[PDB]
Amino acid sequence: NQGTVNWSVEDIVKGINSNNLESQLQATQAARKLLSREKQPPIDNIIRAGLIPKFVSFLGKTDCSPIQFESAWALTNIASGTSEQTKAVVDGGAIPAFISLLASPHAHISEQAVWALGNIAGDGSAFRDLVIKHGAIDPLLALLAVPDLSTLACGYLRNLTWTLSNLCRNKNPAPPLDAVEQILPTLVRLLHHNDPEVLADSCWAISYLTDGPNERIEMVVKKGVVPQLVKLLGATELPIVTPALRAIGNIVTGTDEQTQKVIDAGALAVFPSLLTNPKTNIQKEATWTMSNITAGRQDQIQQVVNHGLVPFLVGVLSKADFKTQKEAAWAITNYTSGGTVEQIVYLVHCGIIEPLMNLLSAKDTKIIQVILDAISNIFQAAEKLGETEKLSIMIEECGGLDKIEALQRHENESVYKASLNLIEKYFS
Amino acid sequence: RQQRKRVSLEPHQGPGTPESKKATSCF
């Protein structure tokens with residue numbers, strides 16, 4: 001660590017173009033040190049000097065593992081740049097050469113190749129699927145075919161987990177079904193590993209895989225991970241809670257039967273703290289998740305009631321970031337749409353009406369339609385009980401009616417005909 | 001119907017989300 005620090009690009013080129021493998025090794029190391037600096041590494045200058053095809057061919061030098069490692073690392077850092085820079089590494093032929101290095105006897109060369117394939121896959125769906133077509137999944141999973149993951153070096157195991165996550169990542173298209181099936185059993189195993197970074201990235205992979213059509217949700221749910229995801233939902237580390245919650249929220253976008261699985265695993269008991277979580281994205285995600293559960297069957301609405309989660313929705317509707325308040329309005333409008341009369345009435349006893357009316361002062365136009373539908377649904381339930389007028393006073397007493405008649409002269413046709421309708425019918 | 005289930009709109013990249021690419025600082 002003296003003679004390879006801060007070389008010029010031109011000296012690097014001189015060394016790599018010599019016919020001396022040791023000179024090439026030193027110049028390759030010098031390139032990797034240039035590309036490893038934090039202030040603006042000269043990725044584009046390295047590419048312009050035509051070094052990528054040389055680095056790629058150094059990957060095949062089984063005879064000289066240090067130059068394998070140095071060029072793997074240099075190419076890793078190029079591939080970590082822009083799409084155009086990652087494309088240059090791929091266009092050099094790096095993908096098959098990195099896959100051959102997965103089997104290397106040198107764990108630090110293996111690991112660099114894992115990392116490099118993670119950067120390439122991370123660029124997007126096309127490179128992700130190209131890494132898969134070159135056959136990266138089998139050698140990667142083979143690196144985890146040990147009796148106890150604890151015997152692997154922590155850094156190595158985190159990197160492998162991260163790279164598998166990128167292979168599960170991104171949409172249009174989602175990853176090939178066969179590849180998901182190939183990776184899932186290993187993901188299930190990683191989801192029980194004790195290291196918080198492995199757990200975080202495993203949850204992230206599950207959250208990618210569950211963010212699609214219901215048959216994707218089913219192949220994940222079929223592996224029985226929902227109880228483990230619920231347990232991770234209660235972790236103290238927010239880097240674990242955040243992807244676990246998105247996975248759970250993705251799963252409840254599916255069928256009534258998939259949604260019931262997260263309820264039966266005990267998720268509803270975590271939502272008192274999730275719906276008051278100080279970190280805004282957790283509260284929003286948790287409320288969005290609640291909104292899809294209140295779009296479930298009536299017996300699932302009843303389990304929301306039994307767990308005492310309605311006052312937490314009232315709480316979120318009363319005070320939260322506006323985007324979370326918006327998810328709570330959806331949760332209420334979904335609840336009132338599919339609930340029984342008694343469930344809808346319980347909503348009023350809990351105090352839904354005033355914070356609901358206060359939100360009609362939002363100028364987001366979509367939420368106003370969502371709130372008006374909810375009120376319609378609540379009046380309809382009360383009129384099955386002749387309470388229509390006792391509810392009118394409540395809406396009147398909190399400034400409600402003033403707000404609805406104000407939107408009687410609103411922009412949107414769907415807004416003011418519902419405001420009109422409401423007053424025409426329930427007030428004046 | 002009951003198809004009031006609303007799919008997520010958050011994309012798989014960007015803030016909050018894990019790094020898509022990372023450089024190696026050293027060994």
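A few points about this structure:
- Net charge dipole, the protein assembly as shown: roughly 580 debye, given to the nearest 20, about the Cα centre with Cβ charges of +1 for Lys and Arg and -1 for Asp and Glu.
- Rg to Rh quotient for chain A, alpha carbon positions, Kirkwood Rh: 1.14
- This ranking places A:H192, A:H349 by how few other beta-carbon atoms lie within 10 Å of each, fewest first, which gives A:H349, A:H192.
- Rounded FRET efficiency, nearest 0.05, which uses the C-beta distance separating A:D195 from A:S428 and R0 of 56 Å: 0.30
- For A:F379, A:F58, order by how many other beta-carbon atoms lie within 10 Å, fewest first: A:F379, A:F58
- Here the relative contact order of chain A, from alpha carbon pairs under 8 Å that lie six or more residues apart, stands at 7 percent.
- Sorted peptide list for A:332-340, A:22-30, A:41-49, criterion being average Cβ within 10 angstrom, highest first: A:332-340, A:22-30, A:41-49
- Protection proxy ranking of A:350-363, A:396-409 - average other beta-carbon atoms within 10 Å, highest first: A:350-363, A:396-409
- Legend: mean number of C-beta atoms from other chains within 10 angstrom of residue C-beta atoms, peptide A:118-125, equals 3.
- A Cβ-based charge dipole, computed about the Cα centre of region A:299-428 with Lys and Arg at +1 and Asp and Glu at -1, lands at about 280 debye.
- Viscosity 0.890 mPa s, 25 °C: Kirkwood-radius Stokes-Einstein D of region A:19-86 over Cα pairs, µm²/s: 206
- Across region A:339-418, Cα-Cα distances exceeding 14 Å account for 61% of all pairs.
- Working ranking of peptides A:322-328, A:257-263 by packing, defined as the average number of other Cβ atoms within 10 Å per residue, highest first, is A:322-328, A:257-263.
- Using the Cβ-Cβ distance between A:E10 and B:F27 with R0 set to 30 Å, the FRET efficiency from 1/(1 + (r/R0)^6) comes to roughly 0.70.
Every number in this text was worked out from the coordinates using simple rules, so none of it is lab data. All Cβ positions, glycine included, derive from the backbone under ideal geometry; neighbour counts span all protein chains shown.
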